[PDB]
Amino acid sequence: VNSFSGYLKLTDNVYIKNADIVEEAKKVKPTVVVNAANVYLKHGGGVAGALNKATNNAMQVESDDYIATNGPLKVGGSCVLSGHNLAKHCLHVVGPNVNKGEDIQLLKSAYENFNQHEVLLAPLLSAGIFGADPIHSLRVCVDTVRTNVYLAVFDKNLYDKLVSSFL
Ligand SMILES: O[C@]1(CNc2ncnc3[nH]ccc23)C[C@H]2CC[C@@H]1CC2
């Protein structure tokens, strides 16, 4: 039993809610919140911009030190950093950005990072400003993640389409 509330159960391990991931994180304070990161950990917009703003830019400061030490992530890769005031940990995961021409097959590799964590609050990878089809992202999530994932979908109109079209 966990403290996630109001989610629709899609499968054995995947749950979905129309919610602002920032507000969800502040309420639940989960062990792991997933960020929709880029390889440079430049949290300018989308989910990343919103999560970073909620940390008063502390996420960006930590991220800049991480990149200065380690260099960029791989598309499809991840790193674990602090969750600041939002969660114990933040799993920064880089899904392919279709608006940069990146290979959508890497979306499965991106979701595989979730399997290293028993429970996660997460957005749909590569959705929003990363330009992938969120219906496809949900399908890859369900077919790849085996740990317990609670998906927050900000857009209510999108949330309803994801549920009604879910196979
Ligand atoms: O890019 C996404 C993800 N963006 C977010 N998802 C959850 N909480 C959030 N808080 C701030 C931004 C944000 C994927 C779909 C739903 C919303 C947008 C556009 C389409």
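Computed over heavy atoms, backbone and side chain alike; hydrogens, waters and symmetry mates excluded. We number each residue from 1, following the sequence as shown.
Annotation: side chain to side chain contact (heavy atoms under 4.5 Å, CB included) contacts of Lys108 (sequence neighbours excluded): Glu112, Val140, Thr144.
Using the six-membered ring where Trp is involved, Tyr150 and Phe4 have ring planes that are parallel, under 30° apart on the 30 and 60° scheme.
Membership of an apolar cluster is not assigned to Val1, as no side-chain contact below 4.5 Å to another ILVMFWY residue is traced.
Other residues, nucleotides and ligands contribute only 12 or fewer heavy atoms inside 6.0 Å of the CD atom of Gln116.
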Quick one, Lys100 with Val75, criterion side chain to side chain contact (heavy atoms under 4.5 Å, CB included). Give me CA distance, side-chain angles, the key distance, then yes/no. CA-CA 11 Å; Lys100 301 180 179 178; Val75 180; over 6 Å; no
List the steps and the verdict of salt bridge (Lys or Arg N to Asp or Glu O under 4.0 Å) for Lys26 and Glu23. CA-CA 5 Å; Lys26 286 193 286 188; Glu23 294 307 319; 3.1 Å; yes
Working for side chain to side chain contact (heavy atoms under 4.5 Å, CB included), residues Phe166 and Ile16: CA-CA 11 Å; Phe166 183 72; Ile16 192 165; over 6 Å; no
Decide yes or no on side chain to side chain contact (heavy atoms under 4.5 Å, CB included) for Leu86 and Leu51, but give the supporting numbers first. CA-CA 8 Å; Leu86 304 177; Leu51 290 171; 3.8 Å; yes
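A donor-acceptor contact shorter than 3.5 Å links the side chain of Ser126 to the backbone of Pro96. Of the possible donor and acceptor atoms, none in the side chain of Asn97 sits under 3.5 Å from a partner among the backbone N and O of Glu102. Judged by distance alone, the side chain of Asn13 and the main-chain N or O of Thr147 form a donor-acceptor pair under 3.5 Å. Between the side chain of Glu62 and the backbone N or O of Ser82 there is at least one donor-acceptor pair closer than 3.5 Å.
Contact of the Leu41 side chain with the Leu81 side chain is registered, since non-hydrogen atoms from C-beta on lie closer than 4.5 Å. Between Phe114 and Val93 the shortest side-chain heavy-atom distance falls below 4.5 Å. For the pair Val119/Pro30, no side-chain contact is recorded, criterion being any heavy-atom separation below 4.5 Å from C-beta on. Put simply, the side chain of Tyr159 reaches to within 4.5 Å of the side chain of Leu8, judged on heavy atoms. Counting only heavy atoms from C-beta outward, the side chains of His92 and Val94 never approach each other to under 4.5 Å. Residues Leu120 and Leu91 are in side-chain contact: their nearest non-hydrogen atoms beyond the backbone lie under 4.5 Å apart.
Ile21 and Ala122 get closest at one heavy-atom pair: CD1-C, 3.8 Å. Smallest separation of non-hydrogen atoms from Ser78 and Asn113: OG-OD1, 2.9 Å. Contact detail for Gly6 and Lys17: the closest heavy-atom pair is O-CG, 3.8 Å. Annotation for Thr31 and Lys88: closest pair O-CB, 3.4 Å, computed over non-hydrogen atoms. Closest non-hydrogen pair, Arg146 versus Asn115, comes out as N-OD1, 2.7 Å. The two residues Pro123 and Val34 have their closest heavy-atom pair at CD-O, 3.3 Å.
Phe154 and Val163 fall into different hydrophobic clusters, defined by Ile, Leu, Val, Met, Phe, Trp and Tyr side-chain heavy atoms under 4.5 Å apart, directly or through other members. Note on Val149: it clusters hydrophobically with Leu10, by side-chain heavy-atom contacts below 4.5 Å among ILVMFWY residues.
Of the residues listed (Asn56, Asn57, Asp64), the one engaging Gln60 in a side-chain hydrogen bond (donor to acceptor under 3.5 Å, both in side chains) is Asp64, and it is the only one.
The distance from the CG atom of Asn157 to the CG atom of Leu162 is 11.0 Å, given to the nearest 0.5 Å.
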